[PDB]
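Working notes, structure below.
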Ligand SMILES: CC(C)=CCC/C(C)=C/CC/C(C)=C/CC/C(C)=C/CC/C(C)=C/CC/C(C)=C/CC/C(C)=C/CC/C(C)=C/CC/C(C)=C/CC1=C(C)C(=O)c2ccccc2C1=O
Ligand SMILES: CCCCCCCCCCCCCCCC(=O)O[C@H](COC(=O)CCCCCCC[C@@H](C)CCCCCCCCC)COP(=O)(O)O[C@H]1[C@H](O)[C@H](O)[C@H](O)[C@@H](O)[C@@H]1O
Ligand code: HEM
Ligand code: HEM
Ligand SMILES: CCc1nc2ccc(Cl)cn2c1C(=O)NCc1ccc(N2CCC(c3ccc(OC(F)(F)F)cc3)CC2)cc1
Ligand SMILES: CCc1nc2ccc(Cl)cn2c1C(=O)NCc1ccc(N2CCC(c3ccc(OC(F)(F)F)cc3)CC2)cc1
């Protein structure tokens, strides 16, 4: 008797505890159903996978630089001195069943975590979800993104590897040593000595499995709590206002689709972990200060750092008996970058002056200046990222390495300007397309007028029609407009039988007029709610 | 202008957010001011300290069994092969400023965590705090205690050491490989091979810095959430009923005193970490399977297990080609212990039949059977714990080791019975003391009656007095009774000047009158609240 058991357990829970009010309150919470709002979920989902994979990896990884001979299965590295960390990474790849798969999906999940964070940040930036109600969210999210990047760096740096080892040498050692006042001191504190210090990998392990994931989890808890209680923002629409959330309640619909999206994201990550090779460390011998590779890139989320190193023209300064290495520059760069990312909503509200409680999102086209700024930032990020890959780009695409370096050098100043101009004009053009469709209506096939040979596109008004042919123009309300009759109720009733065979005409009828009635009732209900809001 | 700044920040928070209702509700929550209710806080506080210390130790500890010669500062262990984990523990003790202090306070905080969990469990059990609402909090609390014991085990087992190494060898290896069906399989999965397997310490590190701490943190969060939202239970008293909480609000008083208690507990822990030496691993040579010492004990929270093994009469069984080693027994016994701990409240409500929603605690004396059971359990635990020390007890207190073993063996059945009988009769005698105080009143000095030589105690009634001398007997109400005229308004007006010099008689008179009136106002408020509640 499962129904009776469920009732009894509910009564026990509500008799010991009293969550009925609270449980109902969240089960009834409405979440907007825009696809873009799922972007952030991806990151969360990816994050979860990382945790689930990370713990597994912790059961088989020994962080240390204790030199050891492999003496393991992988023949091409036998008797070769390697840190215990590299030996255990090799053991996970080869010695433990599924270990290659587990660490592969872990690294793919790290990459997806980074990429989905970037996509979510772009979404919220261009849609203006960071305004008055939710700057703090932005801020923590920015911090969150930063942490992710660094943890990723500490992730592929954990298995002491030639690629990851040279990445540590460049970034941590060189840049930290370059910092003027305390740079050498910070370097000696982080490594407990010079670069090959014997307490680096254990410290990175502690930072990467315990500290940074814990901080990220706390910040994600804060993020999701704010989004939950600062109820999600929404795009402008028919019944959508600054004082309501139009969508689907949590329990019936939103929870099911969120869980299904987590399942499908996990499936994508598993398929990648199987079919795609990520960080094949065995090909990468154990780290040695002398051995090198030509590629020598970090994961894509630090490629912008590496490209900024490459493109910055070797500018150093030499004070009284002191050196300020060019590496210093990148540190300042990151500062500014982060200092501008974390603080952006406050600069936006200081310049624009928008200090109002904004709950309705803004289409990126409706904010040409911010859309242009974000496109410029994305262009600079892409330029830096590809500059980090200028070695490989030159190798595969035959372009001289100096030519690629100088293309990046001139680009980091020119390409942002061109992209800003183009994005500004593009946003204004999208606005004008919206205005044109409002004032004329959707476009269709051409007809030749009866008496003469006039050719007219035979538009479709979206609103009331004037006494004559042309309609009354509608007022833009910040919502997307249909540029294709395709997406209206035109030519959209295929036979509902099957792909191969039909269903009886009575069944097809029943179904099609039922769907027509349902969608008309949806439209009518939204319109009636809209009118009831004001009227 | 700190007032203006605070007002502006509050307005900004309440404009971006709307927590005024929630903030007020959590600021007004009432928590009873009984000392025993702070006991659990100790554990939480100590837990926090562990985290704060644990992180510090993760920046300096290298888990591994990579054999290395010390070649460090500690001369007595130089050129001796040992694990990198032991080398880094020694470096923390000697090579890191304050590292010895930090790890000593970490171990002392682990011991205080265990002891305070154990005392808090004693409080909850004897007071019936687990009885209906809060039965789950007992289960989740009992699972915190088990996790804490295992966490401490993996902690002092973490720095590969002679004492901790032999502890691992005994418990984790022998008991695990003694289990009939899967003992060897579990042993090989845990160690990745035979006992000294090269993956043990890194896996224990993963379990001890992240996994088990994470589970404990989540369970503690659930525990505190339940206590917070299942309003904390209270002892019976004047204005206290099943349907209220009498005490102090959170912010002005409870929060300040809780913070001060956290400060005082961390001060005690720091004082212990400095003045008291805990786990001098440098004296404990690096673990070698052929080496062992006489002591060979685990931390107190696990000693009972060892004690059990010492006192269990070497009973084995030999099925067809197989053997169940006597070690198995302790595991089974351990199971039983936890099996009887996690599932106690349900056994209590099955035997007594008492499933009512109890928000008022009950004094241990008021429940003689449960008090006797708890005393019996504590007696068995103490017997086992001291049996685990029978080596040291025999050494210092000259008793033949065989005599101590057999004393423990006979005791683990006799002493619980004697303690049960004594505690039952003691609880009933305490009840009778309370009943006679109610019937007759408090006791005082003796007087010889005027006409004859009668000597009378000169009692002092607590309630209405009958027409003649003797008072109407009061009915027990589940609250402590005053057994000393000490603790009433008797002989309690010392000089308020100072310890050395007086204050002017006017100031003393004003102060004492004000305190006297304040006590009347408090008692009167409680009395009117009582009368309004009942009538
Ligand atoms: C700092 C900086 C960016 C300097 C300049 C370097 C740079 C990016 C130069 C451009 C590279 C190109 C496009 C070379 C083709 C020749 C060329 C320049 C033609 C004129 C360009 C032009 C405007 C043409 C008009 C039409 C048009 C837009 C054509 C673009 C053609 C292309 C390549 C489109 C796709 C863009 C693309 C995927 C570029 C490569 C990006 C990267 C980093 C790929 C990395 C990558 C590599 C390197 C692998 O080897 C590989 C092997 C197996 C599986 C996967 C991969 C993989 O993903
Ligand atoms: C998203 C990325 C978009 C690109 C952004 C940046 C746009 C700004 C472009 C700036 C162009 C600057 C070109 C100058 C560069 C420079 O200064 O270097 C020269 C080499 O000139 C060249 O090649 C001309 C190259 C010009 C091509 C730029 C074309 C634009 C492409 C990249 C756009 C496609 C983007 C597609 C992106 C895909 C989508 C992204 C998501 C000489 O080098 P070198 O080789 O050493 O020659 C030695 C002598 O020196 C020496 O004397 C002589 O003696 C010899 O020894 C000789 O060897
Ligand atoms: C939270 C975001 C996280 C990110 C972005 C991240 C990223 C990464 C990446 C990219 C690697 C490289 C793996 C390889 O190349 O083989 C790695 C390694 C590793 N990660 Fe993380 N990780 C995260 C969380 C965690 C957590 C929570 C744990 C532990 C519970 C963990 C444990 C490990 C371990 C042990 C390794 C080394 C094992 C190996 O390389 O095979 N990670 N991490
Ligand atoms: C949650 C309850 C915890 C308990 C009961 C506990 C207990 C212990 C104990 C008794 C030791 C022995 C240390 C010694 O004798 O020198 C230890 C070692 C250690 N603990 Fe924990 N611990 C806890 C949590 C943590 C946490 C949260 C971390 C990290 C954030 C941590 C990190 C460490 C490290 C790295 C060591 C080895 C360092 C050394 O011994 O030199 N512990 N633990
Ligand atoms: C260098 C580029 C690169 N080339 C290669 C080649 C091959 C491979 Cl495989 C990888 N790469 C990479 C690479 O991956 N780079 C990632 C990276 C870069 C810098 C930092 N930095 C943290 C802060 C430090 C800092 C700054 C300010 C401080 O002051 C404060 F904050 F106030 F305390 C303190 C510390 C500088 C180093 C991290 C990761
Ligand atoms: C042995 C005594 C001792 N002598 C010395 C001498 C010197 C020193 Cl320094 C310390 N000692 C100690 C010592 O500290 N003992 C602590 C101890 C005891 C047992 C276990 N066991 C948990 C369950 C495992 C188990 C069993 C069944 C399971 O089945 C399930 F639950 F269903 F999955 C799962 C796990 C076996 C090990 C741990 C620590």
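Just so it is clear, none of the values below were taken in a lab; they were calculated from the coordinates. With ideal geometry, Cβ positions are generated from the backbone for all residues, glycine too; neighbour counts draw on all protein chains shown.
Calculate, for residue B:452 and residue B:288, the FRET efficiency according to 1/(1 + (r/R0)^6) with r their C-beta to C-beta distance and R0 60 Å; round to the nearest 0.05.
0.10
When each copy gets a label point 7 Å from Cα toward the beta-carbon at residue B:478, what are the spacings between them in nm, shortest first?
Nearest to farthest, the other copies are at 5.7 nm.
Give the order of A:108, A:56 when sorted by the count of other beta carbons within 10 angstrom, beginning with the fewest.
In increasing order of surrounding Cβ atoms, one gets A:56, A:108.
Roughly what would the spin-label model give for residue B:81 and residue B:30, points 7 Å off Cα along C-beta, in nm?
Once both label points are built, they end up 6.9 nm from each other.
What gaps in nm, shortest first, separate residue B:33 from its twins in the other copies when you place the label 7 Å past Cα toward the beta carbon?
So the distances to the same position in the other copies read 5.6 nm.
Taking segment B:2-430 as the region of interest, what is the percent of Cα-Cα pairs per 10 angstrom bin, listed from the shortest bin to the one with the maximum distance?
Reading upward from the zero bin: 4, 17, 26, 26, 16, 8, 2, 0, 0.
How do A:283-290, A:441-448 rank on mean C-beta neighbours within 10 Å, highest first?
Put in order of decreasing packing, that is A:283-290, A:441-448.
Based on C-alpha coordinates, I'd like the Rg and Dmax of segment B:227-297, in Å.
22.9, 66
Roughly how crowded by other chains is peptide A:202-208, in terms of the mean Cβ count from those chains within 10 Å of each of its Cβ atoms?
The per-residue average across the peptide is 6.
If you rank A:523, A:311, B:462 by fewest surrounding Cβ atoms within 10 Å, what's the result?
A:523, B:462, A:311
With 10 angstrom as the radius, rank B:194, A:91, B:391 by how many other C-beta atoms surround their C-beta, starting from the fewest.
B:194, B:391, A:91
For segment B:74-201, what value does the Rg/Rh ratio take when both radii are computed over Cα atoms and Rh is the Kirkwood radius, given to two decimals?
1.08
Which whole-number percent is the relative contact order of chain A (Cα, under 8 Å, 6+ apart)?
Relative contact order here is 17 percent.
Hey, what angle do you get for helix A:256-275 against the long axis of chain A, alpha-carbon based, 0 to 90 degrees rounded to 10?
The helix A:256-275 is inclined about 40 degrees to chain A.
Using a basic spin-label model with each label point 7 Å from the Cα along Cα→Cβ, how many nm lie between residue B:251 and residue A:431?
In this crude spin-label approximation the distance works out to 4.6 nm.
For segment A:469-535, report the translational diffusion coefficient in µm²/s to the nearest whole number, using Stokes-Einstein at 25 °C, 0.890 mPa s, and a Kirkwood Rh over Cα pairs.
160
Could you list, bin by bin from short to long, the percent of Cα-Cα pairs of the protein assembly as shown in 10 Å steps?
Whole-percent P(r) values from 0 Å outward: 2, 7, 13, 17, 18, 15, 12, 8, 4, 2, 1, 0, 0, 0, 0.
Rounded to whole Å and ordered largest first, report the semi-axes of the equivalent ellipsoid of segment B:280-381 derived from its Cα gyration tensor (root of 5λ).
38, 22, 12
Using only alpha carbon positions, build the gyration tensor of segment A:1-157, then give the equivalent ellipsoid semi-axes as the square roots of 5 times its eigenvalues, largest first, whole angstrom.
Whole-Å semi-axes of the equivalent ellipsoid: 42, 26, 13.
For chain A, what does -39500 (n - 2.57) per DSSP helix run (n ≥ 4), summed and divided by total residues, give at 222 nm, in deg cm²/dmol to the nearest 500?
Dividing the helical sum by the residues of chain A leaves -19000 deg cm²/dmol.
For label points placed 7 Å from Cα toward Cβ, what is the shortest-first list of nm distances from residue B:180 to its copies?
Here the equivalent label points are 7.6 nm apart from this one.
Relative to the longest principal Cα axis of chain B, at what angle does helix B:401-440 sit, 0 to 90 degrees, rounded to 10?
So the inclination is approximately 10 degrees.
Could you tell me what percent of the DSSP beta bridges with both partners in the protein assembly as shown are antiparallel, to the nearest 5?
The antiparallel proportion sits near 85 percent.
How far apart, in nm, are two points set 7 Å out from the Cα along the Cα-to-Cβ line at residue B:509 and at residue A:515?
9.7
What residue in chain A has the Cβ closest to the axis turning A into B, and how close is it in whole Å?
Nearest Cβ to that rotation axis, in whole Å: A:66, 2.
Using every alpha carbon pair in segment A:314-429, what percent of pairs falls into each 5 Å bin from 0 up to the bin containing the largest distance?
Answer for segment A:314-429: a P(r) of 2, 9, 12, 17, 17, 14, 11, 8, 5, 3, 1, 0 percent.
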